[PDB]
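>>> Curious how this folds, go ahead:
(chains A, B, C and D)
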Protein chains: 4
Amino acid sequence: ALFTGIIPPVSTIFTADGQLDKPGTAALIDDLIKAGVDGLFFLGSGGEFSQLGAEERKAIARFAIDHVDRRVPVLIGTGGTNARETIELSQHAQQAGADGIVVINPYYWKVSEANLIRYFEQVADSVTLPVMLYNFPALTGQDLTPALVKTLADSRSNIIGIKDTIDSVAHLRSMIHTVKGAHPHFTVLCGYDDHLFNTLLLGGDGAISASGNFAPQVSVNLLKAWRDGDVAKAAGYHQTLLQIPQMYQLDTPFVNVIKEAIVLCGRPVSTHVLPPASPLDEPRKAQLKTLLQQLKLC
Amino acid sequence: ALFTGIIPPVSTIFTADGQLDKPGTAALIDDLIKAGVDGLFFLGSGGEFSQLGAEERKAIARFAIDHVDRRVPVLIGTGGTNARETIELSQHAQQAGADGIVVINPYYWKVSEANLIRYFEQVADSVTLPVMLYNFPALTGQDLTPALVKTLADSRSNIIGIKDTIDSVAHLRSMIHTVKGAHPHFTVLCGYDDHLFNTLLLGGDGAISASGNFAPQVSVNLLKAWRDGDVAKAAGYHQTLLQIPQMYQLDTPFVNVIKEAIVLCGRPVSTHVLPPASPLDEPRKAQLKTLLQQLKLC
Amino acid sequence: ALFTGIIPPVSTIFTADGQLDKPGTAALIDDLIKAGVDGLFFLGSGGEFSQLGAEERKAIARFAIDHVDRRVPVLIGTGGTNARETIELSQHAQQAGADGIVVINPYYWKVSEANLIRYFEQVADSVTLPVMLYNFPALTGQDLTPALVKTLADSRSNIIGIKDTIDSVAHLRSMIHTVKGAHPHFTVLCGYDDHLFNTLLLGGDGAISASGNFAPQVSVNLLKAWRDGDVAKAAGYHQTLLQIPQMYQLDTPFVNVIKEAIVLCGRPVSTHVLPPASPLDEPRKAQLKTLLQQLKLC
Amino acid sequence: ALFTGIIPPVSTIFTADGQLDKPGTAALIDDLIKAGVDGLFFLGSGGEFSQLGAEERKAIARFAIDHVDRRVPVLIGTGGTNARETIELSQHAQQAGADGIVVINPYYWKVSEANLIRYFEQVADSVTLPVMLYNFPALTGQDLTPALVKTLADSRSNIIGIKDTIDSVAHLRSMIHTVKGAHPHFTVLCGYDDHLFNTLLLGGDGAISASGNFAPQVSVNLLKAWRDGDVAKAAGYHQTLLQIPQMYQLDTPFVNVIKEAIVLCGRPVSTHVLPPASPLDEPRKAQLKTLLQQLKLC
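Numbers count the residues shown, from 1 in each chain, chains lettered A, B, ... in the order given. Coordinates below:
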């Protein structure tokens, strides 16, 4: 089973003028590796893939891959609405040395089932890398049903997992029974902090969630505790991850909040975000702070 | 805090010709009390309130209350679309000796906010009993937001809790922070088996869920374990409750399944259900059986 | 083809204490017949069926049927969530002399497809009367798709039409092609004033909409104009019906508004509505008035 | 009032290997101008903006602008999820000679209200051109409410219209009353063929809809007829436009269908579409043909 455990959707650090902040993004990568994470995912939602042009995303990927220098597995999010561009980026990711790619369903047009399967097949064929699906129906408006995901895993041997970003036990439970039921080593990771625990108890494999950027220890320790068979300990951490998602209510998009948390949790980096996102106002920065303090994360 | 802990939405047992099966419903009540539950809720969704006429519901309530004979707290679900009828039933519930009522939002028309608050106020005034709200947006098509529920608790001192039937951690978390944040002894119970654990760890109060009818021990034991500070034990039970809701996908409505489970789990009762529900076919009864067996509940 | 043309969802007039206002409801019936309508539909949504008990609805139906005295066709809305009650009422409607019944899909539980078809079959079998389906997904949360409605018309020869209450040309167009395509004399009526014109030009059959109660001439004249081949005239009326639905935005439910419009348009009747609805405040009554004046309806 | 009347969302013609087919897209432009249209909109949804990269979209826009050579007004759709790119393209559109731009709301993240207003303000400021908003909630998952659109027109004097792509009379009616009520010369165009008629009768201004590409005469004639005060004639055309949208059910996306219709209606052009779209199979091409024949469009 590939890409299990705690794999954060790493934040892309930018300068005040909007360029890649290499010292800062590198500093962030290094903290996260040091924290005991099982991989890293660049250019996910929290990486702000949807606010970057093709060429920019190529540049961020190659830098990120290079800086990681194979210390842990690296995933590159290559998705979007432009299928041809999805292939360019996915191929480039392979060339550039990535360990796999993460591909969301086209989210402008909700594409026919036939078209959707053909899309995913085509991208999976364009590379020899592992392909990790990415479901996020709240944003895509088209759910990758467990039936469909089983169909896709049956169809291509390199479609080997999924990040299920949804506040639903049923969806995660069904994803596990239907897909892992047919393919035991298919990876199922959840997209939200507050589902990591349940996702494990259901016989899933881990999480790619925002709290990896600023409190990676909680998820890493939850996982170690669970693998060590100490469940009470794991639940202890779950309890923190249960509360964490309050913060994300402070703005939309909440990439600003994640980056601001990174700072408050001890890593001084530029919190500049790309439009249509905006800086977090002062009042809500202090609210974030009080929240992080209550939870004992700074 | 009133009506905390494990309070099953008791199934109403019917004969083959559709009348109240008194021996059978009494037998069921007695098992559940014996199992260590903290209350009982008659004429909820699983009680089939929406398939019974006013007079029938009066009759079921009076029987149920009488048979319980004050051994545990009794809640009567008095809701529907006909507000005047909601008052008749709620008042009748009081005079019949019930400990409180459970009121869902009117689910045909999605009523204006002003009208909705006025409805709940009016019913809460028509009785001196505790009033427990009931949210089930999947069916009602109108969510009782934590804001609105805070407003209602602020408004009437006898609106003292809620059954939140939704597959969402966020909703339960927000319900707790917003409402309990303002009213510490406001009860918040979850409507689904797989959320009991999280609902506790969030500082909520228990569950009214279907698995109470056929596997009440699991939820009762989870709750005692948690109260005894043995979390690993509690999680052990959570793990079973996590799987249980597969059963409910076998039909819709799945009130047939719950009753069939009651039988398979050792309590022989008539599984007749009211239309537009129907008996569970043989194939799916056996599937239920294999599921209960896998989970070690029969 | 049965039940074509302009068939208003007649408002049920109540006294202050909530009883049937017979003088007033009779007065209303008489205006509407005198206006040239092609039938009348009692105990629809605007009739407030969902706020009345079984016995009350029986009483209103017989009174209404009797007072019409066969001058036009009469439809009785017998739907709800309680299937057995749907049969009692539907049978009672036949015994009481009604020309057909109108049956919405059960709107609490969104019932399985198999269950839904079996429900509609069962009620259609419980009577020898014509059965008119009623779709209103905005409130029911379960759409009667054209596929499903074709299935139902194929299944039972007395399922002979539908009131499609939805703000969608596509749905009405599809309902006509799929169902009328297979059953030419199947009736398709729209539920909203602003769709009557399109519904005709699509090869549908008429409307059961609220503006029948207070401005029945507009829809009656639109229909006559269209049948006389004078389309420009028909479009003239369409233009008024296009604007009428602004009022319904003054409250929810907006039965209060319809009844208040009946008064302002010249028919003094009690505007009492059943809870959880409430009287329309004074400011909004005056806004209604200005609207009716602008459109030249009072 | 700017950009009124019939302004087709022109199809971008591509070669087999996916490049701009200049002879073909020029041929198409010329037919449409010849047909009497009041403008042209390049790089809308039907132009496939969401499957083209920034540089490609630049290239298509200038070519299109140049080939039109000011014969009619030209609109360029510059929207997407990448705000900085939206400014690049919008500014490029101005320098390339476009008469205005068309900007959809960011459709990946459903952005906060504050952020959404700030986005639209920022883009409107980046140019001196007229800005035409674009609502399409079915795809975006975030509706541009009439309230919000009024706010935006109040905020910036160059936000001067909207393409409302929604199958809803209520939404269009409300958009007209709320926005035109405050700004009489604000343009309101509908996005669907079957709403053009109603949109006019409501006091709106026209349509940007797919049938402009292959049957522009129908909409052009409807508009001329209506302006000439001959309503019966206009309704005659409405009747065809009412049926047209059946085809769009043959695939999703249905850009393939539009382009195939262009061919069958007399203009031989390459029907190549960009992925994740695909060619229309033979069976469904013949079905399209039968449809166009029934409606007397080929």
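
>>> would residue A:132 count as being in a strand?
Yes - the assignment for residue A:132, made by DSSP: H, G, I helix; E, B strand; the rest coil, places it in a strand.

>>> So what's the residue count around it?
Residues near residue A:132, counting by other Cβ atoms under 10 Å in any protein chain shown, number 24. Using the backbone N, CA and C atoms, a C-beta is placed for each residue, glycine as well.

>>> and for the one helix or strand residue A:221 maps to, what are the contacting residues?
Using DSSP states H and E, residue A:221 sits within helix A:216-227. Contacts of helix A:216-227 with the rest of the structure, by Cβ atoms under 8 Å, 6 or more residues apart in numbering or on different chains, involve A:5-6, A:8, A:31-32, A:35-38, A:193, A:196-197, A:200, A:206-207, A:209, A:211-212, A:231, A:233-234, A:236-238, A:240-241, A:244, A:297.

>>> restrict these to contacts with chain B.
With Cβ under 8 Å from any Cβ of the partner chain as the criterion, the contacts of helix A:216-227 include A:231, A:234, A:236, A:238 near chain B.

>>> correct me, but the last one touches residue A:196?
Yes - applying Cβ atoms under 8 Å, one finds residue A:238 in contact with residue A:196, separated by 7.2 Å.

>>> Now, the contacts of helix A:216-227 that are in strands?
Assigned to strands by DSSP state E, the following of the contacts of helix A:216-227 qualify: A:5, A:6, A:206, A:207.

>>> Is the helix or strand containing residue A:172 positioned near chain B?
Residue A:172 is part of helix A:169-175 when elements are defined by DSSP H and E. Yes - legend: contact between helix A:169-175 and chain B by Cβ under 8 Å from any Cβ is shown at A:169, A:170, A:173.

>>> quick one, helices of chain A?
A:22-34, A:54-68, A:83-95, A:113-125, A:137-140, A:146-155, A:169-175, A:181-182, A:196-201, A:216-227, A:231-243, A:255-264, A:282-294 (DSSP state H).

>>> Could you export the ones you listed as TSV, including mean neighbour count?
Output for the helices of chain A, formatted as TSV (neighbours: other Cβ atoms under 10 Å in any protein chain shown):
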stretch	mean neighbour count
helix A:22-34	18
helix A:54-68	20
helix A:83-95	20
helix A:113-125	18
helix A:137-140	18
helix A:146-155	18
helix A:169-175	22
helix A:181-182	14
helix A:196-201	24
helix A:216-227	21
helix A:231-243	21
helix A:255-264	23
helix A:282-294	14
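
>>> wait, which of those helices is closest to residue B:58?
Taking Cβ to Cβ, helix A:169-175 is the member of the helices of chain A nearest to residue B:58, at 35.3 Å.

>>> Which elements pack onto the closest one?
helix A:146-155, strand A:159-164, strand A:187-190, helix A:196-201, helix B:231-243 (3 or more Cβ pairs under 8 Å, 6 or more residues apart in numbering or on different chains; DSSP states H and E).

>>> what does the stretch 51-200 of chain A put close to chain D?
Contact residues (Cβ under 8 Å from any Cβ) of the stretch 51-200 of chain A with chain D: A:51-54, A:81-85, A:106-112, A:114-116, A:118-119, A:122, A:139, A:141.

>>> what does chain A put close to chain B?
Contact residues (Cβ under 8 Å from any Cβ) of chain A with chain B: A:167-170, A:173, A:177, A:192, A:194-195, A:198, A:201-202, A:230-232, A:234-236, A:238-239, A:242-243, A:245-246.

>>> let's see it at 6 Å
Counting by Cβ under 6 Å from any Cβ of the partner chain, the residues of chain A close to chain B are A:167, A:168, A:169, A:170, A:194, A:201, A:202, A:231, A:232, A:235, A:239, A:242.

>>> check contacts around the fifth one.
If I follow you right, that is residue A:194. A:241, A:242, A:245, B:169 (Cβ atoms under 6 Å, 6 or more residues apart in numbering or on different chains).

>>> Please name the residues that touch the second one.
Spelled out, that is residue A:242. Listed by Cβ under 6 Å, 6+ apart, the contact partners of residue A:242 are A:194, B:201, B:202.

>>> Same list (these) but as CSV, adding distance to residue A:147.
Output for these, formatted as CSV (distance: Cβ to Cβ, whole Å):
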residue, distance to residue A:147
A:194, 26
B:201, 32
B:202, 32
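
>>> List just the nearest of those to chain D.
Chain D has its nearest neighbour among the contacts of residue A:242 in residue A:194, at 20.0 Å by Cβ to the nearest Cβ.

>>> All good on my end, thank you.
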